[PDB]
file final-v3.txt (compact mmCIF, C-alpha atoms)
# COMPACT_ATOMS: atom_id res chain seq x y z
CA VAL A 1 -3.77 -15.29 33.51
CA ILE A 2 -6.91 -16.15 35.55
CA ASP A 3 -7.60 -19.24 37.58
CA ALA A 4 -10.63 -20.48 39.47
CA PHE A 5 -10.78 -22.21 42.85
CA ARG A 6 -13.77 -23.39 44.87
CA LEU A 7 -11.10 -24.31 47.43
CA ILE A 8 -11.33 -27.65 49.32
CA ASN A 9 -9.06 -29.12 51.93
CA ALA A 10 -5.60 -30.68 51.68
CA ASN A 11 -6.70 -34.31 52.41
CA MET A 12 -8.90 -34.35 49.43
CA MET A 13 -5.84 -33.93 47.15
CA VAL A 14 -3.75 -36.46 49.12
CA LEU A 15 -6.25 -39.29 48.92
CA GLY A 16 -6.94 -38.64 45.29
CA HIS A 17 -10.66 -37.86 46.13
CA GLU A 18 -10.48 -34.42 44.63
CA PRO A 19 -10.49 -35.68 40.87
CA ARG A 20 -13.63 -37.84 41.70
CA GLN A 21 -15.47 -34.59 42.79
CA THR A 22 -14.31 -32.46 39.83
CA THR A 23 -15.98 -34.65 37.11
CA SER A 24 -17.42 -32.64 34.35
CA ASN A 25 -14.08 -30.75 34.25
CA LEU A 26 -11.18 -30.75 31.70
CA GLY A 27 -8.61 -28.87 33.90
CA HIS A 28 -5.29 -27.18 33.03
CA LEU A 29 -2.01 -26.14 34.61
CA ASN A 30 0.14 -23.08 34.09
CA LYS A 31 3.02 -21.60 36.10
CA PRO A 32 3.32 -17.82 36.53
CA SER A 33 5.87 -18.28 39.34
CA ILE A 34 7.64 -21.53 40.08
CA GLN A 35 7.20 -24.74 42.18
CA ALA A 36 5.78 -22.90 45.21
CA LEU A 37 2.70 -21.76 43.18
CA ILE A 38 2.12 -25.31 41.81
CA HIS A 39 2.04 -26.77 45.25
CA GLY A 40 -0.41 -23.99 46.39
CA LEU A 41 -2.65 -24.66 43.42
CA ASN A 42 -2.76 -28.52 44.03
CA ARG A 43 -3.77 -28.06 47.71
CA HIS A 44 -6.76 -25.85 46.60
CA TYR A 45 -8.68 -27.24 43.68
CA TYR A 46 -6.30 -26.58 40.78
CA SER A 47 -7.54 -24.88 37.56
CA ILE A 48 -11.23 -25.66 36.97
CA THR A 49 -12.42 -24.75 33.49
CA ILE A 50 -13.30 -21.28 32.40
CA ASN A 51 -15.40 -20.89 29.41
CA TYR A 52 -16.54 -17.63 27.80
CA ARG A 53 -20.02 -16.46 26.83
CA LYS A 54 -19.30 -14.16 23.98
CA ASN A 55 -20.81 -13.49 20.50
CA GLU A 56 -20.32 -11.29 17.39
CA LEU A 57 -22.25 -8.10 18.73
CA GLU A 58 -19.87 -7.76 21.75
CA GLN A 59 -17.02 -8.86 19.55
CA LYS A 60 -17.81 -5.91 17.06
CA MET A 61 -17.78 -3.33 19.99
CA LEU A 62 -14.29 -4.29 21.02
CA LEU A 63 -13.05 -4.13 17.34
CA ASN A 64 -13.35 -0.36 16.88
CA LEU A 65 -10.81 2.51 16.80
CA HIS A 66 -11.64 5.77 15.01
CA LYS A 67 -14.33 7.07 12.69
CA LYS A 68 -11.95 9.94 12.49
CA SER A 69 -10.22 7.77 9.83
CA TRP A 70 -12.73 9.47 7.50
CA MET A 71 -10.89 12.84 7.69
CA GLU A 72 -7.39 11.19 8.07
CA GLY A 73 -7.31 8.96 4.96
CA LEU A 74 -7.67 12.14 2.80
CA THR A 75 -5.42 14.40 4.76
CA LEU A 76 -1.88 15.30 3.46
CA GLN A 77 0.47 17.80 4.82
CA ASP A 78 2.28 20.90 3.66
CA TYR A 79 4.68 20.34 0.66
CA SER A 80 7.66 21.69 2.71
CA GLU A 81 7.03 18.79 5.07
CA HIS A 82 7.04 16.24 2.13
CA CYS A 83 10.51 17.55 1.31
CA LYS A 84 11.76 17.29 4.96
CA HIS A 85 10.92 13.60 4.98
CA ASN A 86 12.62 12.84 1.64
CA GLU A 87 15.76 14.75 2.68
CA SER A 88 16.16 13.10 6.06
CA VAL A 89 15.99 9.55 4.55
CA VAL A 90 18.46 10.14 1.63
CA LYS A 91 20.96 11.67 4.08
CA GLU A 92 20.58 8.71 6.37
CA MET A 93 21.07 6.17 3.54
CA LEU A 94 24.51 7.74 2.69
CA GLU A 95 25.90 6.69 6.14
CA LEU A 96 25.05 3.02 5.99
CA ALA A 97 26.13 2.73 2.24
CA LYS A 98 29.94 2.35 3.01
CA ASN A 99 29.38 -0.81 5.07
CA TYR A 100 27.08 -2.16 2.36
CA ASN A 101 30.01 -2.57 -0.09
CA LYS A 102 31.77 -4.91 2.27
CA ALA A 103 28.53 -6.85 2.88
CA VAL A 104 28.05 -7.77 -0.71
CA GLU A 105 31.69 -8.58 -1.29
CA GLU A 106 31.80 -11.06 1.62
CA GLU A 107 29.36 -12.73 4.11
CA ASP A 108 30.52 -16.26 3.51
CA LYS A 109 29.92 -16.58 7.34
CA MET A 110 26.50 -17.82 8.35
CA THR A 111 27.27 -18.00 12.14
CA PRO A 112 25.56 -14.98 13.65
CA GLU A 113 28.20 -14.11 16.34
CA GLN A 114 31.20 -14.14 13.92
CA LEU A 115 29.33 -12.33 11.15
CA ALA A 116 28.47 -9.55 13.57
CA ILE A 117 32.11 -8.58 14.22
CA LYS A 118 33.31 -9.28 10.54
CA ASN A 119 31.18 -7.44 8.10
CA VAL A 120 29.23 -5.25 10.71
CA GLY A 121 26.55 -7.86 10.56
CA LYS A 122 24.90 -6.59 13.71
CA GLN A 123 23.81 -3.00 12.82
CA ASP A 124 23.44 -4.47 9.31
CA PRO A 125 23.33 -1.99 6.40
CA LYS A 126 20.98 -4.43 4.39
CA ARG A 127 18.23 -4.51 7.00
CA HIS A 128 18.18 -0.84 7.64
CA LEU A 129 18.65 0.36 3.98
CA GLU A 130 15.67 -1.79 2.89
CA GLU A 131 13.65 -0.60 5.84
CA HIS A 132 14.44 2.96 4.69
CA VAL A 133 13.54 2.60 1.06
CA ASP A 134 10.21 1.01 2.07
CA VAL A 135 9.17 3.92 4.57
CA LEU A 136 10.15 6.52 1.93
CA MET A 137 8.23 4.89 -0.86
CA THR A 138 5.00 4.33 1.11
CA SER A 139 5.02 7.78 2.72
CA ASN A 140 5.47 9.55 -0.62
CA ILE A 141 2.65 7.50 -2.30
CA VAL A 142 -0.09 8.22 0.34
CA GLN A 143 0.74 11.93 0.57
CA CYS A 144 0.96 12.33 -3.20
CA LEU A 145 -2.13 10.16 -3.87
CA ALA A 146 -4.35 12.16 -1.47
CA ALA A 147 -3.36 15.59 -2.77
CA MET A 148 -4.44 14.66 -6.31
CA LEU A 149 -7.69 12.92 -5.12
CA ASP A 150 -8.84 15.88 -3.19
CA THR A 151 -8.18 18.29 -6.07
CA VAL A 152 -10.52 16.63 -8.52
CA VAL A 153 -13.32 15.96 -6.07
CA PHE A 154 -13.73 19.33 -4.26
CA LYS A 155 -13.81 21.42 -7.37
CA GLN B 1 15.60 7.31 -48.97
CA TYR B 2 14.59 10.69 -50.22
CA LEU B 3 11.18 10.46 -48.66
CA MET B 4 12.71 9.14 -45.56
CA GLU B 5 15.19 11.98 -45.18
CA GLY B 6 12.78 14.81 -45.85
CA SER B 7 14.61 15.55 -49.08
CA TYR B 8 11.47 16.31 -51.02
CA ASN B 9 13.17 18.19 -53.87
CA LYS B 10 15.20 15.15 -54.85
CA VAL B 11 12.12 12.82 -54.85
CA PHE B 12 11.26 11.53 -58.37
CA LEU B 13 8.08 12.88 -59.73
CA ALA B 14 9.92 13.66 -62.81
CA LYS B 15 11.11 10.13 -63.47
CA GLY B 16 9.11 7.01 -63.70
CA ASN B 17 6.74 8.96 -65.86
CA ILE B 18 9.55 8.72 -68.54
CA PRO B 19 9.32 4.78 -68.89
CA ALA B 20 5.69 4.32 -70.00
CA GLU B 21 5.41 0.49 -69.94
CA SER B 22 3.74 0.36 -66.40
CA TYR B 23 5.93 2.60 -64.18
CA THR B 24 3.70 5.77 -64.80
CA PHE B 25 0.58 4.41 -62.90
CA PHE B 26 2.32 4.41 -59.49
CA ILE B 27 4.17 7.81 -59.85
CA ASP B 28 0.95 9.79 -60.59
CA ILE B 29 -0.82 8.81 -57.49
CA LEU B 30 2.47 9.25 -55.44
CA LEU B 31 2.54 12.98 -56.39
CA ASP B 32 -0.75 13.53 -54.43
CA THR B 33 0.73 11.76 -51.44
CA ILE B 34 3.95 13.82 -51.23
CA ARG B 35 1.93 17.06 -51.78
CA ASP B 36 -0.22 16.32 -48.69
CA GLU B 37 2.97 15.43 -46.76
CA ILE B 38 4.44 18.93 -47.40
CA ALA B 39 1.21 20.64 -46.30
CA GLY B 40 1.41 18.84 -42.97
CA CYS B 41 5.12 19.53 -42.33
CA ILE B 42 4.66 23.32 -43.06
CA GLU B 43 1.49 23.50 -40.82
CA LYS B 44 3.42 22.71 -37.66
CA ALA B 45 6.84 24.25 -38.90
CA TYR B 46 6.32 27.89 -39.96
CA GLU B 47 3.65 30.59 -39.36
CA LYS B 48 3.25 31.91 -42.92
CA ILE B 49 3.33 30.78 -46.51
CA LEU B 50 3.67 32.95 -49.63
CA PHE B 51 2.54 32.12 -53.15
CA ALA B 52 6.22 32.33 -54.27
CA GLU B 53 6.93 29.94 -51.51
CA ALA B 54 3.97 27.62 -51.96
CA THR B 55 4.17 26.66 -55.67
CA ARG B 56 7.61 25.09 -55.37
CA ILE B 57 7.34 23.36 -51.97
CA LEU B 58 3.90 21.59 -52.30
CA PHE B 59 4.74 20.96 -56.01
CA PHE B 60 1.66 22.68 -57.15
CA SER B 61 1.21 23.44 -60.89
CA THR B 62 -0.90 26.53 -60.40
CA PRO B 63 -1.72 29.28 -57.99
CA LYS B 64 -5.40 28.04 -58.07
CA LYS B 65 -4.20 24.71 -56.52
CA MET B 66 -2.62 26.79 -53.75
CA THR B 67 -5.86 28.52 -52.87
CA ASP B 68 -7.61 25.19 -52.73
CA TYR B 69 -5.17 23.30 -50.58
CA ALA B 70 -4.50 26.08 -47.89
CA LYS B 71 -8.17 26.93 -46.79
CA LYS B 72 -9.03 23.34 -46.05
CA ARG B 73 -6.45 23.25 -43.25
CA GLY B 74 -7.55 26.71 -42.36
CA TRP B 75 -4.47 28.59 -43.37
CA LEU B 76 -5.57 31.11 -45.94
CA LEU B 77 -5.64 34.76 -44.99
CA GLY B 78 -3.18 35.92 -47.75
CA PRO B 79 0.68 35.71 -48.19
CA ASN B 80 0.69 36.22 -44.39
CA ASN B 81 -1.01 33.86 -41.96
CA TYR B 82 -0.13 32.83 -38.33
CA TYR B 83 -0.64 29.23 -37.36
CA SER B 84 2.56 27.78 -36.13
CA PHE B 85 4.18 30.18 -33.81
CA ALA B 86 1.70 30.54 -30.97
CA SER B 87 1.30 26.73 -30.25
CA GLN B 88 5.11 26.21 -30.11
CA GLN B 89 5.41 28.90 -27.44
CA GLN B 90 2.42 27.53 -25.21
CA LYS B 91 3.82 24.00 -24.24
CA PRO B 92 6.52 24.54 -21.42
CA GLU B 93 5.25 25.47 -17.88
CA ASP B 94 2.40 23.66 -16.07
CA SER B 95 3.79 24.39 -12.52
CA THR B 96 1.48 27.39 -11.96
CA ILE B 97 -1.33 25.86 -14.05
CA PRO B 98 -2.88 22.54 -12.76
CA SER B 99 -2.21 19.43 -14.79
CA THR B 100 -2.00 15.65 -15.02
CA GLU B 101 -0.70 14.55 -18.43
CA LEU B 102 2.41 12.56 -18.32
CA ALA B 103 3.33 9.61 -15.97
CA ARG B 104 -0.14 8.45 -16.90
CA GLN B 105 -3.28 9.07 -14.91
CA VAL B 106 -1.92 9.94 -11.55
CA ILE B 107 -4.58 8.32 -9.39
CA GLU B 108 -3.85 4.91 -10.81
CA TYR B 109 -0.16 5.69 -10.88
CA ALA B 110 0.42 5.95 -7.14
CA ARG B 111 -1.66 2.85 -6.42
CA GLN B 112 0.09 0.68 -9.10
CA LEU B 113 3.57 1.76 -8.01
CA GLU B 114 2.83 0.43 -4.45
CA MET B 115 1.36 -2.91 -5.59
CA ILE B 116 4.51 -3.85 -7.52
CA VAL B 117 6.87 -3.63 -4.62

call {"tool": "encode", "arguments": {"input": "final-v3.txt", "output": "structure tokens"}}
result
Amino acid sequence: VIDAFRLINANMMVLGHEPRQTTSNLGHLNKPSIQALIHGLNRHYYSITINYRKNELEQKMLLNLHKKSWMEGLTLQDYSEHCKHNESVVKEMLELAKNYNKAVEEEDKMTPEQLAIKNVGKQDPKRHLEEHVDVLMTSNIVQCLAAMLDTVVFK
Amino acid sequence: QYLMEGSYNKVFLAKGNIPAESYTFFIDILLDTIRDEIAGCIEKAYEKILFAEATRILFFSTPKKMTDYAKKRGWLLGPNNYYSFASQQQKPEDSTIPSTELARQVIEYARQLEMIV
């Protein structure tokens, strides 16, 4: 949220002179904070156009994160840890499962507020159980995949 | 059926030579095929073979035929040999010894599993 003002007097707005002076402008209007701001803006010179001088070299600098990605893509943790993750998720999945039975049996309702009370639609077992299978699958794949890759290559 | 079962003793190599119109031609060649089949089954099955043992099972006619068939495969050492036993023992356990065998080539396996879902 940036705006530009040269700032010229009130009369210039009132007459309608101020758009004759601006020519070679597009202009724009936004409202961070209500009618009071709009009025202040109009008195000034309103939003005069901001363009950006940018290109791909500058754009590439901003892109970056970590070259450290080099070590990290290969890294995998201790096997006891692999087991902790798998255990925590299966245990979790048991809790939500009991609601899930109801969900599939019913859910004729399509009205979000009524569904929420009826078949525990809000705190849904479908959303969360799916979300859970998906973390567990991806997590196991990257850890497992790395361990094997490293083995062959280092020796 | 008899071939199918493994019931080699029952198999006719004694019949089909008795009608001589055209049935004999097939049965003579078949005798070589069953003979080979026995040599293979015994190779993986049991560690030794005798000469008292061998004549009857392969359906050899002579002891000379025994000497010939066994050495090819690599058996012959005498009435006592050791092929089978050792290999049968070696297969379970690859938890302390590195491996990738089954579930395909692993490297592909993890990547494929993730594409599908």

call {"tool": "residues_around", "arguments": {"input": "final-v3.txt", "residues": "range 103-112 of chain A", "least_positions_apart": "2", "cutoff": "12 Å", "atoms": "only C-alpha atoms", "output": "list in words"}}
result
residues 96, 97, 98, 99, 100, 101, 114, 115, 116, 117, 118, 119, 120, 121, 122, 123, 124, 125, 126 and 127 of chain A

call {"tool": "interface_residues", "arguments": {"input": "final-v3.txt", "of": "chain A", "to": "chain B", "cutoff": "10 Å", "atoms": "all atoms listed in the file", "output": "ChimeraX atom specification"}}
result
/A:134,137-138,140-149,151

call {"tool": "residues_around", "arguments": {"input": "final-v3.txt", "residues": "residue 82 in chain A", "least_positions_apart": "3", "cutoff": "10 Å", "atoms": "all atoms listed in the file", "output": "list in words"}}
result
residues 76, 77, 78, 79, 85, 86, 87, 139, 140, 143 and 144 of chain A

call {"tool": "residues_around", "arguments": {"input": "final-v3.txt", "residues": "residue 66 in chain B", "least_positions_apart": "4", "cutoff": "12 Å", "atoms": "all atoms listed in the file", "output": "count of residues only"}}
result
25

call {"tool": "residues_around", "arguments": {"input": "final-v3.txt", "residues": "residue 15 in chain B", "least_positions_apart": "5", "cutoff": "10 Å", "atoms": "all atoms listed in the file", "output": "ChimeraX atom specification"}}
result
/B:23-24,27

call {"tool": "write_last_selection", "arguments": {"input": "final-v3.txt", "atoms": "C-alpha atoms", "output": "PDB file, keeping the file's coordinate frame"}}
result
ATOM      1  CA  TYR B  23       5.930   2.600 -64.180  1.00  0.00           C
ATOM      2  CA  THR B  24       3.700   5.770 -64.800  1.00  0.00           C
ATOM      3  CA  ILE B  27       4.170   7.810 -59.850  1.00  0.00           C
TER       4      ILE B  27
END

call {"tool": "atom_distance", "arguments": {"input": "final-v3.txt", "atom1": "CA of residue 24 in chain A", "atom2": "CA of residue 12 in chain A"}}
result
17.4 Å

call {"tool": "atom_distance", "arguments": {"input": "final-v3.txt", "atom1": "CA of residue 102 in chain B", "atom2": "CA of residue 152 in chain A"}}
result
16.7 Å

call {"tool": "atom_distance", "arguments": {"input": "final-v3.txt", "atom1": "CA of residue 38 in chain A", "atom2": "CA of residue 53 in chain A"}}
result
28.2 Å

call {"tool": "axis_aligned_box", "arguments": {"input": "final-v3.txt", "around": "range 5-10 of chain A", "padding_each_side": "4 Å", "output": "lines of an AutoDock Vina configuration file"}}
result
center_x = -9.7
center_y = -26.4
center_z = 47.4
size_x = 16.2
size_y = 16.5
size_z = 17.1

call {"tool": "residues_around", "arguments": {"input": "final-v3.txt", "residues": "residue 34 in chain B", "least_positions_apart": "6", "cutoff": "12 Å", "atoms": "all atoms listed in the file", "output": "number ranges by chain"}}
result
B: 2-4, 6-13, 27-28, 40-41, 57-60

call {"tool": "closest_residue", "arguments": {"input": "final-v3.txt", "among": "B:95, B:105, B:81, B:87", "to": "residue 48 in chain B", "atoms": "all atoms listed in the file"}}
result
B:81

call {"tool": "closest_residue", "arguments": {"input": "final-v3.txt", "among": "B:29, B:21, B:97, B:47", "to": "residue 77 in chain B", "atoms": "all atoms listed in the file"}}
result
B:47

call {"tool": "decode", "arguments": {"input": "final-v3.txt", "residues": "range 32-67 of chain A", "atoms": "N, CA and C atoms", "output": "PDB file, in the first residue's frame"}}
result
ATOM      1  N   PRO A  32      -7.523   2.075   2.405  1.00  0.00           N
ATOM      2  CA  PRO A  32      -7.081   1.488   3.678  1.00  0.00           C
ATOM      3  C   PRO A  32      -7.987   1.765   4.848  1.00  0.00           C
ATOM      4  N   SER A  33      -8.571   2.972   4.985  1.00  0.00           N
ATOM      5  CA  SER A  33      -9.318   3.347   6.154  1.00  0.00           C
ATOM      6  C   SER A  33     -10.320   4.421   5.845  1.00  0.00           C
ATOM      7  N   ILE A  34     -11.533   3.937   5.396  1.00  0.00           N
ATOM      8  CA  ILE A  34     -12.720   4.749   5.306  1.00  0.00           C
ATOM      9  C   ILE A  34     -12.731   6.070   4.597  1.00  0.00           C
ATOM     10  N   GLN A  35     -13.963   6.734   4.655  1.00  0.00           N
ATOM     11  CA  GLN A  35     -14.345   7.975   3.944  1.00  0.00           C
ATOM     12  C   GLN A  35     -13.409   9.146   4.244  1.00  0.00           C
ATOM     13  N   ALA A  36     -12.922   9.292   5.508  1.00  0.00           N
ATOM     14  CA  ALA A  36     -12.042  10.303   5.910  1.00  0.00           C
ATOM     15  C   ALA A  36     -10.737  10.353   5.101  1.00  0.00           C
ATOM     16  N   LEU A  37     -10.160   9.165   4.835  1.00  0.00           N
ATOM     17  CA  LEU A  37      -8.960   9.006   3.986  1.00  0.00           C
ATOM     18  C   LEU A  37      -9.207   9.437   2.514  1.00  0.00           C
ATOM     19  N   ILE A  38     -10.376   9.100   1.901  1.00  0.00           N
ATOM     20  CA  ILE A  38     -10.744   9.398   0.595  1.00  0.00           C
ATOM     21  C   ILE A  38     -10.817  10.864   0.309  1.00  0.00           C
ATOM     22  N   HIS A  39     -11.405  11.606   1.261  1.00  0.00           N
ATOM     23  CA  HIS A  39     -11.535  12.990   1.278  1.00  0.00           C
ATOM     24  C   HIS A  39     -10.134  13.566   1.350  1.00  0.00           C
ATOM     25  N   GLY A  40      -9.243  13.025   2.243  1.00  0.00           N
ATOM     26  CA  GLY A  40      -7.872  13.607   2.374  1.00  0.00           C
ATOM     27  C   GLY A  40      -7.086  13.457   1.074  1.00  0.00           C
ATOM     28  N   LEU A  41      -7.250  12.330   0.445  1.00  0.00           N
ATOM     29  CA  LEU A  41      -6.591  11.968  -0.781  1.00  0.00           C
ATOM     30  C   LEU A  41      -6.981  12.946  -1.929  1.00  0.00           C
ATOM     31  N   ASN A  42      -8.282  13.278  -2.070  1.00  0.00           N
ATOM     32  CA  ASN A  42      -8.899  14.060  -3.134  1.00  0.00           C
ATOM     33  C   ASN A  42      -8.369  15.493  -3.043  1.00  0.00           C
ATOM     34  N   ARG A  43      -8.227  16.086  -1.821  1.00  0.00           N
ATOM     35  CA  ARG A  43      -7.773  17.377  -1.547  1.00  0.00           C
ATOM     36  C   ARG A  43      -6.313  17.537  -2.104  1.00  0.00           C
ATOM     37  N   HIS A  44      -5.536  16.454  -1.925  1.00  0.00           N
ATOM     38  CA  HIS A  44      -4.067  16.434  -2.255  1.00  0.00           C
ATOM     39  C   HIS A  44      -3.865  16.457  -3.707  1.00  0.00           C
ATOM     40  N   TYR A  45      -3.624  15.193  -4.265  1.00  0.00           N
ATOM     41  CA  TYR A  45      -3.485  15.031  -5.688  1.00  0.00           C
ATOM     42  C   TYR A  45      -3.888  13.708  -6.140  1.00  0.00           C
ATOM     43  N   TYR A  46      -4.512  12.907  -5.245  1.00  0.00           N
ATOM     44  CA  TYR A  46      -4.976  11.535  -5.383  1.00  0.00           C
ATOM     45  C   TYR A  46      -3.798  10.632  -5.813  1.00  0.00           C
ATOM     46  N   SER A  47      -4.066   9.385  -6.348  1.00  0.00           N
ATOM     47  CA  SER A  47      -2.989   8.442  -6.512  1.00  0.00           C
ATOM     48  C   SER A  47      -2.546   8.670  -7.899  1.00  0.00           C
ATOM     49  N   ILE A  48      -1.261   9.079  -8.057  1.00  0.00           N
ATOM     50  CA  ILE A  48      -0.601   9.347  -9.349  1.00  0.00           C
ATOM     51  C   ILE A  48       0.190   8.078  -9.587  1.00  0.00           C
ATOM     52  N   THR A  49       0.433   7.682 -10.804  1.00  0.00           N
ATOM     53  CA  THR A  49       0.846   6.320 -11.121  1.00  0.00           C
ATOM     54  C   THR A  49       2.297   5.996 -10.815  1.00  0.00           C
ATOM     55  N   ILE A  50       2.416   4.836 -10.275  1.00  0.00           N
ATOM     56  CA  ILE A  50       3.683   4.261  -9.805  1.00  0.00           C
ATOM     57  C   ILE A  50       3.884   3.126 -10.703  1.00  0.00           C
ATOM     58  N   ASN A  51       5.099   3.094 -11.327  1.00  0.00           N
ATOM     59  CA  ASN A  51       5.522   2.142 -12.178  1.00  0.00           C
ATOM     60  C   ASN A  51       6.772   1.582 -11.494  1.00  0.00           C
ATOM     61  N   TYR A  52       7.240   0.363 -11.963  1.00  0.00           N
ATOM     62  CA  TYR A  52       8.422  -0.197 -11.406  1.00  0.00           C
ATOM     63  C   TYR A  52       9.382  -0.487 -12.466  1.00  0.00           C
ATOM     64  N   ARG A  53      10.671  -0.263 -12.111  1.00  0.00           N
ATOM     65  CA  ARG A  53      11.864  -0.461 -13.003  1.00  0.00           C
ATOM     66  C   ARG A  53      12.374  -1.659 -12.278  1.00  0.00           C
ATOM     67  N   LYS A  54      12.309  -2.811 -13.027  1.00  0.00           N
ATOM     68  CA  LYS A  54      12.693  -4.062 -12.478  1.00  0.00           C
ATOM     69  C   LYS A  54      13.136  -4.847 -13.696  1.00  0.00           C
ATOM     70  N   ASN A  55      13.827  -5.979 -13.537  1.00  0.00           N
ATOM     71  CA  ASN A  55      14.236  -6.895 -14.577  1.00  0.00           C
ATOM     72  C   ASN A  55      14.580  -8.142 -13.940  1.00  0.00           C
ATOM     73  N   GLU A  56      14.906  -9.211 -14.726  1.00  0.00           N
ATOM     74  CA  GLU A  56      15.184 -10.610 -14.367  1.00  0.00           C
ATOM     75  C   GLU A  56      16.355 -10.711 -13.496  1.00  0.00           C
ATOM     76  N   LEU A  57      17.514  -9.876 -13.519  1.00  0.00           N
ATOM     77  CA  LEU A  57      18.705 -10.129 -12.621  1.00  0.00           C
ATOM     78  C   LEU A  57      18.381  -9.921 -11.169  1.00  0.00           C
ATOM     79  N   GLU A  58      17.634  -8.876 -10.881  1.00  0.00           N
ATOM     80  CA  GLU A  58      17.094  -8.360  -9.587  1.00  0.00           C
ATOM     81  C   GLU A  58      16.029  -9.316  -9.118  1.00  0.00           C
ATOM     82  N   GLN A  59      15.215  -9.766 -10.092  1.00  0.00           N
ATOM     83  CA  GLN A  59      14.155 -10.688  -9.851  1.00  0.00           C
ATOM     84  C   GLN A  59      14.825 -12.019  -9.341  1.00  0.00           C
ATOM     85  N   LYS A  60      15.928 -12.522  -9.931  1.00  0.00           N
ATOM     86  CA  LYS A  60      16.583 -13.774  -9.538  1.00  0.00           C
ATOM     87  C   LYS A  60      17.120 -13.647  -8.109  1.00  0.00           C
ATOM     88  N   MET A  61      17.650 -12.435  -7.664  1.00  0.00           N
ATOM     89  CA  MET A  61      18.209 -12.270  -6.330  1.00  0.00           C
ATOM     90  C   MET A  61      17.231 -12.490  -5.266  1.00  0.00           C
ATOM     91  N   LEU A  62      16.032 -11.962  -5.476  1.00  0.00           N
ATOM     92  CA  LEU A  62      14.893 -12.037  -4.554  1.00  0.00           C
ATOM     93  C   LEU A  62      14.370 -13.422  -4.427  1.00  0.00           C
ATOM     94  N   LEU A  63      14.487 -14.320  -5.451  1.00  0.00           N
ATOM     95  CA  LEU A  63      13.976 -15.669  -5.591  1.00  0.00           C
ATOM     96  C   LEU A  63      14.467 -16.638  -4.517  1.00  0.00           C
ATOM     97  N   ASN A  64      15.805 -16.600  -4.320  1.00  0.00           N
ATOM     98  CA  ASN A  64      16.550 -17.473  -3.450  1.00  0.00           C
ATOM     99  C   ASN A  64      15.980 -17.959  -2.160  1.00  0.00           C
ATOM    100  N   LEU A  65      16.519 -19.108  -1.622  1.00  0.00           N
ATOM    101  CA  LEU A  65      16.364 -19.436  -0.159  1.00  0.00           C
ATOM    102  C   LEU A  65      17.700 -20.017   0.401  1.00  0.00           C
ATOM    103  N   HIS A  66      18.045 -21.307  -0.046  1.00  0.00           N
ATOM    104  CA  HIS A  66      19.021 -22.032   0.684  1.00  0.00           C
ATOM    105  C   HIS A  66      19.663 -22.895  -0.341  1.00  0.00           C
ATOM    106  N   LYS A  67      20.984 -22.928  -0.293  1.00  0.00           N
ATOM    107  CA  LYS A  67      21.895 -23.752  -1.061  1.00  0.00           C
ATOM    108  C   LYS A  67      22.100 -24.869  -0.213  1.00  0.00           C
TER     109      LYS A  67
END
